[PDB]
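S.K.: So here's run_2.cif (mmCIF, C-alpha atoms and all ligand atoms).
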data_target
#
loop_
_atom_site.label_atom_id
_atom_site.label_comp_id
_atom_site.auth_asym_id
_atom_site.auth_seq_id
_atom_site.Cartn_x
_atom_site.Cartn_y
_atom_site.Cartn_z
CA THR X 2 -23.46 -13.94 -13.50
CA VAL X 3 -24.05 -13.27 -17.22
CA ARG X 4 -22.41 -10.33 -18.93
CA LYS X 5 -24.70 -8.96 -21.59
CA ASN X 6 -24.15 -6.81 -24.61
CA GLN X 7 -25.24 -3.30 -23.56
CA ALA X 8 -27.36 -3.03 -26.73
CA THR X 9 -29.59 -5.83 -25.34
CA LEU X 10 -30.35 -4.52 -21.85
CA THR X 11 -33.95 -3.98 -20.88
CA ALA X 12 -35.06 -0.59 -19.62
CA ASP X 13 -35.18 -2.07 -16.11
CA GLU X 14 -31.65 -3.42 -16.39
CA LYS X 15 -30.30 -0.03 -17.57
CA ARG X 16 -32.09 1.67 -14.64
CA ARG X 17 -30.61 -0.72 -12.11
CA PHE X 18 -27.07 -0.54 -13.54
CA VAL X 19 -27.12 3.27 -13.58
CA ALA X 20 -28.46 3.44 -10.00
CA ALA X 21 -25.80 1.01 -8.76
CA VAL X 22 -23.02 3.01 -10.45
CA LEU X 23 -24.36 6.28 -8.99
CA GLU X 24 -24.47 4.74 -5.51
CA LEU X 25 -20.85 3.59 -5.73
CA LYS X 26 -20.06 7.17 -6.72
CA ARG X 27 -22.06 8.72 -3.87
CA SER X 28 -20.50 6.48 -1.24
CA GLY X 29 -16.92 7.32 -2.27
CA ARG X 30 -16.06 3.81 -3.52
CA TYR X 31 -16.13 4.62 -7.23
CA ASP X 32 -13.39 7.21 -7.10
CA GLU X 33 -10.88 4.73 -5.61
CA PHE X 34 -11.21 2.58 -8.74
CA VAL X 35 -10.34 5.68 -10.78
CA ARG X 36 -7.37 6.33 -8.52
CA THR X 37 -6.08 2.74 -8.70
CA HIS X 38 -6.20 2.74 -12.48
CA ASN X 39 -4.34 6.04 -12.77
CA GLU X 40 -1.58 4.90 -10.39
CA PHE X 41 -0.93 1.85 -12.56
CA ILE X 42 -1.22 3.89 -15.79
CA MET X 43 1.44 6.22 -14.52
CA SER X 44 3.80 3.55 -13.19
CA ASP X 45 3.63 0.76 -15.86
CA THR X 46 6.63 1.46 -18.14
CA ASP X 47 8.08 -0.39 -21.17
CA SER X 48 11.50 -0.73 -19.59
CA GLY X 49 10.62 -1.29 -15.92
CA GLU X 50 7.92 -2.89 -13.83
CA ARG X 51 4.69 -3.20 -15.75
CA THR X 52 1.52 -4.88 -14.64
CA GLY X 53 -1.75 -3.24 -15.63
CA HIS X 54 -0.85 -2.01 -19.13
CA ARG X 55 1.69 -2.49 -21.95
CA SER X 56 2.45 -5.99 -20.76
CA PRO X 57 1.06 -9.53 -20.91
CA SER X 58 -0.85 -9.00 -17.68
CA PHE X 59 -2.89 -6.18 -19.28
CA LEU X 60 -5.70 -8.69 -19.86
CA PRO X 61 -5.81 -10.63 -16.52
CA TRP X 62 -5.22 -7.38 -14.60
CA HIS X 63 -8.19 -5.70 -16.20
CA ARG X 64 -10.21 -8.91 -15.80
CA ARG X 65 -9.61 -8.82 -12.00
CA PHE X 66 -10.14 -5.04 -11.87
CA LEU X 67 -13.52 -5.42 -13.59
CA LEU X 68 -14.46 -8.28 -11.25
CA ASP X 69 -13.69 -6.05 -8.27
CA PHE X 70 -15.93 -3.35 -9.77
CA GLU X 71 -18.74 -5.77 -10.65
CA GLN X 72 -18.63 -7.22 -7.10
CA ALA X 73 -18.94 -3.69 -5.75
CA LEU X 74 -21.96 -3.09 -8.00
CA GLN X 75 -23.48 -6.35 -6.79
CA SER X 76 -22.99 -5.27 -3.17
CA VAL X 77 -25.41 -2.47 -4.05
CA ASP X 78 -27.83 -4.43 -6.29
CA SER X 79 -27.19 -8.15 -6.54
CA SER X 80 -29.01 -8.32 -9.90
CA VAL X 81 -26.58 -6.06 -11.69
CA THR X 82 -23.74 -7.37 -13.85
CA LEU X 83 -21.31 -5.53 -16.08
CA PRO X 84 -22.52 -5.10 -19.66
CA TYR X 85 -20.14 -4.89 -22.59
CA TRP X 86 -19.90 -2.47 -25.51
CA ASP X 87 -19.20 -4.13 -28.86
CA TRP X 88 -17.77 -0.99 -30.49
CA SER X 89 -17.30 -2.87 -33.75
CA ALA X 90 -21.11 -3.24 -34.00
CA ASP X 91 -22.39 -0.19 -32.10
CA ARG X 92 -20.16 2.30 -33.78
CA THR X 93 -22.00 5.59 -34.09
CA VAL X 94 -23.11 8.36 -31.75
CA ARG X 95 -26.64 7.16 -32.41
CA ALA X 96 -26.06 3.87 -30.57
CA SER X 97 -28.54 3.38 -27.77
CA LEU X 98 -25.48 3.27 -25.49
CA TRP X 99 -25.24 7.03 -25.73
CA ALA X 100 -28.92 7.78 -25.13
CA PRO X 101 -30.05 9.89 -22.15
CA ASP X 102 -31.49 6.77 -20.42
CA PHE X 103 -28.11 5.02 -20.36
CA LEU X 104 -24.72 6.79 -20.57
CA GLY X 105 -25.73 10.11 -22.17
CA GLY X 106 -24.19 11.45 -25.33
CA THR X 107 -21.19 13.35 -26.63
CA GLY X 108 -19.92 16.57 -25.09
CA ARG X 109 -20.77 20.00 -26.36
CA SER X 110 -18.23 21.44 -28.68
CA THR X 111 -17.06 24.38 -26.59
CA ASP X 112 -15.76 22.60 -23.46
CA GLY X 113 -16.58 18.93 -24.14
CA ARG X 114 -19.13 18.85 -21.33
CA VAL X 115 -21.66 16.01 -21.44
CA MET X 116 -25.08 17.65 -21.18
CA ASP X 117 -27.51 14.70 -20.94
CA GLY X 118 -27.86 11.29 -19.31
CA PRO X 119 -27.41 10.37 -15.66
CA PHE X 120 -23.74 11.29 -15.53
CA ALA X 121 -24.03 14.84 -16.80
CA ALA X 122 -22.50 17.32 -14.39
CA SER X 123 -25.74 19.30 -14.17
CA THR X 124 -27.42 16.37 -12.35
CA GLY X 125 -25.17 16.93 -9.32
CA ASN X 126 -24.63 13.15 -9.26
CA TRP X 127 -21.28 12.76 -11.07
CA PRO X 128 -18.51 14.95 -9.70
CA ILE X 129 -15.13 14.38 -11.33
CA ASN X 130 -12.88 14.26 -8.26
CA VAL X 131 -9.83 12.13 -9.23
CA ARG X 132 -8.43 14.22 -12.02
CA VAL X 133 -5.47 15.83 -13.64
CA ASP X 134 -7.34 18.20 -15.93
CA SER X 135 -8.76 20.44 -13.20
CA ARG X 136 -12.31 20.58 -14.60
CA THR X 137 -14.89 18.65 -12.59
CA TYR X 138 -17.50 17.67 -15.18
CA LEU X 139 -17.67 14.58 -17.39
CA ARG X 140 -16.41 15.32 -20.91
CA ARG X 141 -16.52 13.41 -24.18
CA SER X 142 -15.92 14.10 -27.84
CA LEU X 143 -17.17 10.99 -29.61
CA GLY X 144 -15.20 10.56 -32.85
CA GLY X 145 -13.40 13.84 -32.31
CA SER X 146 -9.74 12.82 -32.12
CA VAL X 147 -9.95 9.73 -34.28
CA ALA X 148 -12.56 9.21 -36.91
CA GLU X 149 -13.61 5.59 -36.62
CA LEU X 150 -14.02 2.83 -34.10
CA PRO X 151 -12.50 -0.53 -35.04
CA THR X 152 -14.53 -2.73 -37.40
CA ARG X 153 -15.32 -6.46 -37.09
CA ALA X 154 -12.79 -7.14 -39.92
CA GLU X 155 -10.07 -5.36 -37.94
CA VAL X 156 -10.95 -7.22 -34.75
CA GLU X 157 -10.86 -10.50 -36.69
CA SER X 158 -7.35 -9.85 -37.96
CA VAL X 159 -6.24 -9.44 -34.32
CA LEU X 160 -8.19 -12.50 -33.13
CA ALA X 161 -6.35 -14.56 -35.78
CA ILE X 162 -2.92 -13.94 -34.21
CA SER X 163 -1.79 -17.18 -32.56
CA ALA X 164 0.81 -16.00 -30.03
CA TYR X 165 -0.63 -14.55 -26.80
CA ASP X 166 2.31 -12.23 -26.38
CA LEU X 167 5.99 -12.13 -27.28
CA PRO X 168 9.29 -10.77 -26.00
CA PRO X 169 9.97 -8.03 -25.15
CA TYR X 170 6.47 -8.16 -23.59
CA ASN X 171 5.77 -4.44 -23.81
CA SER X 172 4.32 -1.80 -26.17
CA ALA X 173 6.73 -2.93 -28.90
CA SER X 174 5.58 -6.55 -28.94
CA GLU X 175 4.15 -8.50 -31.80
CA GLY X 176 1.40 -10.89 -30.73
CA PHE X 177 -2.25 -10.88 -29.75
CA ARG X 178 -2.08 -8.92 -26.47
CA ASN X 179 -0.30 -5.86 -27.88
CA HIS X 180 -2.46 -5.86 -31.03
CA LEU X 181 -5.61 -5.94 -28.88
CA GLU X 182 -4.22 -3.31 -26.51
CA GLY X 183 -3.42 -1.36 -29.65
CA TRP X 184 0.18 -0.08 -29.39
CA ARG X 185 1.01 -1.97 -32.62
CA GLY X 186 -1.17 -2.64 -35.63
CA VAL X 187 -4.59 -1.44 -36.63
CA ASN X 188 -5.28 -0.61 -32.93
CA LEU X 189 -8.31 -1.79 -31.03
CA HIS X 190 -8.41 -0.88 -27.33
CA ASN X 191 -6.32 2.31 -27.30
CA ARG X 192 -8.20 3.70 -30.30
CA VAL X 193 -11.54 3.29 -28.53
CA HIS X 194 -10.22 5.37 -25.60
CA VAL X 195 -9.14 8.07 -28.04
CA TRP X 196 -12.48 7.96 -29.91
CA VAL X 197 -14.53 8.61 -26.77
CA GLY X 198 -12.25 11.49 -25.75
CA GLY X 199 -12.76 13.47 -22.57
CA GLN X 200 -11.67 11.63 -19.42
CA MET X 201 -11.66 8.32 -21.33
CA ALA X 202 -8.58 9.54 -23.24
CA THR X 203 -6.68 10.11 -19.98
CA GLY X 204 -5.09 8.12 -17.16
CA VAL X 205 -8.28 8.76 -15.13
CA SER X 206 -10.38 7.07 -17.81
CA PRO X 207 -12.63 5.12 -15.34
CA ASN X 208 -14.17 8.51 -14.57
CA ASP X 209 -16.45 7.71 -17.53
CA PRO X 210 -18.76 4.74 -16.81
CA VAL X 211 -18.22 3.60 -20.43
CA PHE X 212 -14.72 2.56 -19.29
CA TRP X 213 -16.19 -0.59 -17.78
CA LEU X 214 -18.25 -1.51 -20.82
CA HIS X 215 -15.25 -0.96 -23.09
CA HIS X 216 -13.03 -3.19 -20.96
CA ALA X 217 -15.79 -5.81 -20.60
CA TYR X 218 -15.74 -6.14 -24.40
CA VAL X 219 -11.90 -6.22 -24.49
CA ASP X 220 -12.26 -8.96 -21.90
CA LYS X 221 -14.76 -10.75 -24.11
CA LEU X 222 -12.30 -10.58 -27.03
CA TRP X 223 -9.68 -12.34 -24.90
CA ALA X 224 -12.26 -15.07 -24.32
CA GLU X 225 -12.96 -15.20 -28.05
CA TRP X 226 -9.21 -15.42 -28.81
CA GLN X 227 -8.98 -18.34 -26.42
CA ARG X 228 -11.76 -20.15 -28.23
CA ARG X 229 -9.99 -19.53 -31.56
CA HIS X 230 -6.65 -20.81 -30.24
CA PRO X 231 -7.30 -23.41 -27.60
CA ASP X 232 -3.71 -24.59 -28.13
CA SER X 233 -2.24 -21.21 -27.21
CA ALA X 234 -1.88 -19.74 -23.72
CA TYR X 235 -0.58 -16.96 -21.51
CA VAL X 236 3.10 -16.18 -21.70
CA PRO X 237 5.60 -15.69 -20.25
CA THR X 238 5.71 -18.75 -18.04
CA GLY X 239 8.51 -18.05 -15.64
CA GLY X 240 11.55 -16.00 -14.73
CA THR X 241 10.83 -12.75 -16.60
CA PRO X 242 12.03 -9.58 -14.86
CA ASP X 243 9.58 -6.73 -14.53
CA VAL X 244 6.73 -8.74 -16.15
CA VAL X 245 4.10 -10.90 -14.42
CA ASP X 246 4.71 -14.45 -15.35
CA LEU X 247 1.81 -16.95 -15.48
CA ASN X 248 1.98 -18.10 -11.86
CA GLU X 249 3.28 -14.86 -10.30
CA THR X 250 0.87 -12.73 -8.29
CA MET X 251 -0.33 -9.29 -9.44
CA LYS X 252 -0.48 -5.96 -7.67
CA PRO X 253 -2.45 -4.43 -6.12
CA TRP X 254 -4.27 -7.51 -4.87
CA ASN X 255 -1.14 -9.67 -4.47
CA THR X 256 -3.31 -12.77 -3.93
CA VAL X 257 -4.15 -13.68 -7.54
CA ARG X 258 -2.11 -14.76 -10.58
CA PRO X 259 -2.73 -14.64 -14.35
CA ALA X 260 -3.25 -18.42 -13.95
CA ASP X 261 -6.28 -17.84 -11.76
CA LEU X 262 -7.92 -15.57 -14.32
CA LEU X 263 -7.50 -17.30 -17.64
CA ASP X 264 -10.83 -19.11 -17.44
CA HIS X 265 -13.54 -16.52 -17.07
CA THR X 266 -16.31 -19.10 -16.63
CA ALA X 267 -15.19 -19.49 -13.00
CA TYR X 268 -16.68 -16.02 -12.51
CA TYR X 269 -19.19 -15.18 -15.24
CA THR X 270 -20.37 -16.20 -18.68
CA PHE X 271 -21.32 -14.09 -21.69
CA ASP X 272 -24.72 -13.85 -23.33
CA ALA X 273 -23.01 -15.41 -26.37
CA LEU X 274 -19.47 -16.63 -26.93
CA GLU X 275 -18.83 -18.59 -30.10
CA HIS X 276 -17.69 -22.10 -29.60
CA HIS X 277 -14.45 -23.33 -31.12
CA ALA R 40 19.96 9.81 -24.95
CA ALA R 41 17.12 12.00 -23.76
CA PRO R 42 15.39 14.49 -25.98
CA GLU R 43 16.52 18.14 -25.90
CA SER R 44 14.87 20.57 -23.55
CA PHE R 45 12.28 23.05 -24.82
CA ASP R 46 10.51 26.20 -23.66
CA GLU R 47 7.74 27.96 -25.58
CA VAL R 48 4.33 29.61 -25.23
CA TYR R 49 1.76 27.41 -26.93
CA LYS R 50 -1.90 28.54 -27.12
CA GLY R 51 -1.22 31.10 -24.44
CA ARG R 52 0.43 28.65 -22.04
CA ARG R 53 4.03 28.13 -21.05
CA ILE R 54 5.19 24.59 -21.83
CA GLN R 55 8.64 23.44 -20.77
CA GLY R 56 10.43 20.11 -21.15
CA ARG R 57 13.75 18.90 -19.77
CA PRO R 58 15.71 15.69 -19.24
CA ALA R 59 15.65 14.69 -15.58
CA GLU R 67 4.22 7.47 -11.04
CA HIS R 68 7.28 5.97 -12.79
CA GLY R 69 11.02 6.41 -12.71
CA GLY R 70 10.85 8.37 -15.97
CA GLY R 71 13.72 10.40 -17.37
CA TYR R 72 12.05 13.54 -18.74
CA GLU R 73 9.90 16.24 -17.15
CA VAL R 74 7.27 18.50 -18.71
CA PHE R 75 5.51 21.49 -17.12
CA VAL R 76 2.41 23.45 -18.18
CA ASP R 77 2.47 26.96 -16.60
CA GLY R 78 4.87 25.62 -14.04
CA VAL R 79 2.85 22.54 -13.04
CA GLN R 80 4.42 19.20 -13.77
CA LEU R 81 2.66 17.00 -16.30
CA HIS R 82 3.27 13.25 -16.15
CA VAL R 83 4.69 12.09 -19.46
CA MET R 84 6.06 8.73 -20.60
CA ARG R 85 8.19 7.38 -23.42
CA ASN R 86 7.21 4.27 -25.33
CA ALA R 87 9.68 1.65 -26.55
CA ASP R 88 9.39 2.92 -30.16
CA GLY R 89 10.43 6.44 -29.04
CA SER R 90 6.93 7.98 -29.11
CA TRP R 91 5.49 9.84 -26.09
CA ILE R 92 2.23 10.12 -24.19
CA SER R 93 1.00 12.20 -21.24
CA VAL R 94 -1.47 11.44 -18.51
CA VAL R 95 -4.04 13.50 -20.36
CA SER R 96 -3.50 11.73 -23.66
CA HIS R 97 -2.29 8.39 -22.45
CA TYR R 98 -3.60 6.16 -25.27
CA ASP R 99 -2.46 8.33 -28.15
CA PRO R 100 1.27 8.29 -28.96
CA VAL R 101 2.89 11.39 -30.42
CA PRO R 102 6.46 11.69 -31.61
CA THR R 103 8.13 13.96 -29.00
CA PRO R 104 7.71 15.32 -25.47
CA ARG R 105 6.90 18.75 -26.93
CA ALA R 106 4.16 17.12 -29.00
CA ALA R 107 2.83 15.52 -25.78
CA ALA R 108 2.92 18.90 -24.00
CA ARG R 109 1.09 20.54 -26.90
CA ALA R 110 -1.46 17.73 -26.92
CA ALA R 111 -2.00 18.35 -23.21
CA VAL R 112 -2.62 22.10 -23.72
CA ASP R 113 -5.04 21.19 -26.52
CA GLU R 114 -6.85 18.77 -24.17
CA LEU R 115 -7.01 21.23 -21.29
CA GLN R 116 -8.85 23.97 -23.21
CA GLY R 117 -7.43 26.58 -20.90
CA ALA R 118 -7.89 24.68 -17.64
CA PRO R 119 -5.14 24.69 -15.00
CA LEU R 120 -3.37 21.39 -14.67
CA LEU R 121 -3.54 19.80 -11.25
CA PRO R 122 -0.32 18.35 -9.82
CA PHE R 123 -0.07 14.59 -9.86
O1 LIG Q 301 -6.59 1.11 -20.07
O2 LIG Q 301 -7.79 1.68 -19.46
CU CU Q 302 2.46 7.15 -18.08
CU CU Q 303 -7.89 0.77 -21.18
CU CU Q 304 -9.64 -26.89 -33.27
#
What's the C-alpha cells form of this structure?
Ligand SMILES: [O-][O-]
Ligand SMILES: [Cu+2]
Ligand SMILES: [Cu+2]
Ligand SMILES: [Cu+2]

M.R.:
Amino acid sequence: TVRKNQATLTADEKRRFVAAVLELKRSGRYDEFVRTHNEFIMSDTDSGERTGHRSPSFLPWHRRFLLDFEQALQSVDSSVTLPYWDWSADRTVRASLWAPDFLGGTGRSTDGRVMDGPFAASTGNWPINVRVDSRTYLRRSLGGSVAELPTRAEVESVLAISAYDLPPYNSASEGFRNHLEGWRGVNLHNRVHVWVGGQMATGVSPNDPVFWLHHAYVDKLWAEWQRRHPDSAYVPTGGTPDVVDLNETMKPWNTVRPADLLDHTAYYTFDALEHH
Amino acid sequence: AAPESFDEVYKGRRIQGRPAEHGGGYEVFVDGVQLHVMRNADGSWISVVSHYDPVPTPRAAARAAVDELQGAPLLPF
C-alpha cells in the first residue's frame, strides 16, 4: 500500500478512487464514517475526555480512522489507496485536485453549492445525509473564510518543534501536535478546514471527500516530524486522566493503542518521505 | 463563570444563549433549535458548524452559525 500525492495520480487512478468512494456512499458505509467523526468532534473537550481531537491522540486516532476508510475502499477496489493533498504545494483553486475529473471545484457564491465533479449534488450520487446544516448538497467556498493555505515555510516551523505534545494536552498546549492541529500558532490543519469551507468547516467534515486527502497529508506530516526527531516520541506515557496515554486503547475501536500506530510502515508507505 | 445569556434577532433569525455530544455548560439555539457549541481552554468558542474556527464568545459562535446556514433551518443534533 503506497499513499501517493493526489497531484501525481494517473487518470485511471483518479477514476478508480472516485468510483470506490461513490460505492461506499451508495452502500451506506460512507455516512457512518461521517457520523463517527461528528460524535467525537462533539464530545472531545479540553477539560474532559478527549480522544479524536484537541489531544495527543489526535494523530493516531486519525491514522486509524483513515486506515479504516482505506480498508473499506480496498474492499471495493483492492487497487485503491488514499492519496494525500499537500496544501502547501497545491494551494490554489486551479490545482488539479479541484478539477471536474477529481473532486470538483468551489461552490457557487449564492449558496456554496458545488456544481461540477463527481460529488456535485446534481449527479444524484452524493447526498448529504449526516448533517447539521439542513441542506443536502455538497458545499465549498475555497479561500472564502480564510485567505491562504499554509505555506511550506509555516509547515517547517511546526515540523521543527521537538516535543510531541505537552501538558495540559489540549487545545492550549505548546508542542508539535497542537501546532499541527492548529489551535495554537500559525495554524495548519484547522486552517485548511476553514479554507475549504462548506461541510469541511463543520463537525460533519468527512462529508467532503477532500477530508481524507487533507488528513492523509496531516498524517504524512506526523511521519515527517518523526523523521526529523527520531529521539522524540508520543506523550503522555502513563497515568493521565481524560487523555489517551501511549499504551492505552482508543475509542471507538478499543483494540488499538497509540503505540500500535506510531510506525505507519506497518500499514503503508508514502511515495516519498525524506530520510533523517 | 459562564458567559451571560443573550437573545437577539441576527440576519432575520432568533439566536439565544444561556448557561446550562459533551457535558458542556452553555446552550445556544437558532430559531429554537439547539446548536452544539463548545468552549476552548483559552476562552474562545466554536460551534458544530464552525468547529475549526474559534471566535471570542458564544454569541459570536451563534452569529457565525447563522452566517454559515444562509437561511437554512438547523437540524437538531
Ligand atoms: O478534524 O477533522
Ligand atoms: Cu464541539
Ligand atoms: Cu480534521
Ligand atoms: Cu540525527

S.K.: Where does chain R meet stretch 109-131 of chain X within 12 Å, residue by residue, with the nearest atom pair and distance in Å to one decimal for each, counting only C-alpha atoms, listed by chain and rising number, as CSV?

M.R.:
residue,atom,partner,partner_atom,distance
R:113,CA,X:112,CA,11.2
R:114,CA,X:112,CA,9.7
R:115,CA,X:112,CA,9.1
R:116,CA,X:112,CA,7.0
R:117,CA,X:112,CA,9.6
R:118,CA,X:112,CA,10.0
R:121,CA,X:131,CA,10.1
R:122,CA,X:131,CA,11.4
R:123,CA,X:131,CA,10.1

S.K.: Using only C-alpha atoms and all ligand atoms, find each protein or nucleic acid residue lying at most 12 Å from ligand CU 302 (chain Q); present the set as an mmCIF file with C-alpha atoms, keeping the file's coordinate frame.

M.R.:
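Generated output (pocket22.cif):
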data_model
loop_
_atom_site.group_PDB
_atom_site.id
_atom_site.type_symbol
_atom_site.label_atom_id
_atom_site.label_comp_id
_atom_site.auth_asym_id
_atom_site.auth_seq_id
_atom_site.Cartn_x
_atom_site.Cartn_y
_atom_site.Cartn_z
ATOM 1 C CA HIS X 38 -6.200 2.740 -12.480
ATOM 2 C CA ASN X 39 -4.340 6.040 -12.770
ATOM 3 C CA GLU X 40 -1.580 4.900 -10.390
ATOM 4 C CA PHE X 41 -0.930 1.850 -12.560
ATOM 5 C CA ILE X 42 -1.220 3.890 -15.790
ATOM 6 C CA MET X 43 1.440 6.220 -14.520
ATOM 7 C CA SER X 44 3.800 3.550 -13.190
ATOM 8 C CA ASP X 45 3.630 0.760 -15.860
ATOM 9 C CA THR X 46 6.630 1.460 -18.140
ATOM 10 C CA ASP X 47 8.080 -0.390 -21.170
ATOM 11 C CA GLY X 49 10.620 -1.290 -15.920
ATOM 12 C CA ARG X 51 4.690 -3.200 -15.750
ATOM 13 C CA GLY X 53 -1.750 -3.240 -15.630
ATOM 14 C CA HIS X 54 -0.850 -2.010 -19.130
ATOM 15 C CA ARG X 55 1.690 -2.490 -21.950
ATOM 16 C CA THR X 203 -6.680 10.110 -19.980
ATOM 17 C CA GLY X 204 -5.090 8.120 -17.160
ATOM 18 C CA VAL X 205 -8.280 8.760 -15.130
ATOM 19 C CA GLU R 67 4.220 7.470 -11.040
ATOM 20 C CA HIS R 68 7.280 5.970 -12.790
ATOM 21 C CA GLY R 69 11.020 6.410 -12.710
ATOM 22 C CA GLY R 70 10.850 8.370 -15.970
ATOM 23 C CA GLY R 71 13.720 10.400 -17.370
ATOM 24 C CA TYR R 72 12.050 13.540 -18.740
ATOM 25 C CA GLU R 73 9.900 16.240 -17.150
ATOM 26 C CA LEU R 81 2.660 17.000 -16.300
ATOM 27 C CA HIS R 82 3.270 13.250 -16.150
ATOM 28 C CA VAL R 83 4.690 12.090 -19.460
ATOM 29 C CA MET R 84 6.060 8.730 -20.600
ATOM 30 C CA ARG R 85 8.190 7.380 -23.420
ATOM 31 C CA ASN R 86 7.210 4.270 -25.330
ATOM 32 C CA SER R 90 6.930 7.980 -29.110
ATOM 33 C CA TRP R 91 5.490 9.840 -26.090
ATOM 34 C CA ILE R 92 2.230 10.120 -24.190
ATOM 35 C CA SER R 93 1.000 12.200 -21.240
ATOM 36 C CA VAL R 94 -1.470 11.440 -18.510
ATOM 37 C CA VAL R 95 -4.040 13.500 -20.360
ATOM 38 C CA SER R 96 -3.500 11.730 -23.660
ATOM 39 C CA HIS R 97 -2.290 8.390 -22.450
ATOM 40 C CA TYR R 98 -3.600 6.160 -25.270
ATOM 41 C CA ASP R 99 -2.460 8.330 -28.150
ATOM 42 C CA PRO R 100 1.270 8.290 -28.960
ATOM 43 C CA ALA R 107 2.830 15.520 -25.780
ATOM 44 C CA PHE R 123 -0.070 14.590 -9.860
#

S.K.: With only C-alpha atoms and all ligand atoms counted, collect every polymer residue having an atom within 10 Å of ligand CU 304 (chain Q); state the result as number ranges by chain.

M.R.: X: 228-232, 277

S.K.: Set the cut-off to 12 Å, count all atoms listed in the file, and list whatever residues fall near ligand LIG 301 (chain Q) as a PyMOL selection string.

M.R.: (chain X and resi 34-43+45+52-56+58-60+62-64+66-67+181-184+189-195+200-217+219-220) or (chain R and resi 94+96-99)

S.K.: What is the distance, in Å and to one decimal place, between atom CA of residue X:99 and atom CA of residue X:266?

M.R.: 29.1 Å

S.K.: Can you work out the spacing between atom CA of residue X:238 and atom CA of residue X:259 in Å, to one decimal?

M.R.: 10.1 Å

S.K.: Find the distance between atom CA of residue X:81 and atom CA of residue X:218 and write it in Å to one decimal.

M.R.: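 If I compute the distance from atom CA of residue X:81 to atom CA of residue X:218, I get 16.7 Å.
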
S.K.: Using all atoms listed in the file, which protein or nucleic acid residues come within 10 Å of residue X:265? Drop anything in the same chain fewer than 5 positions from it, and give the result as an NGL selection string.

M.R.: :X and (61 or 64 or 220-221 or 223-224 or 270-271)

S.K.: Kindly indicate which residue among X:236, X:274, X:197, X:101 lies nearest to ligand CU 303 (chain Q), using all atoms listed in the file for the distances.

M.R.: X:197

S.K.: Within 9 Å of residue R:42, counting all atoms listed in the file, which residues show up once you throw out same-chain ones fewer than 2 positions away? Write them as a list in words, please.

M.R.: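 Those residues are residues 40, 44, 56, 57, 58, 72, 103 and 104 of chain R.
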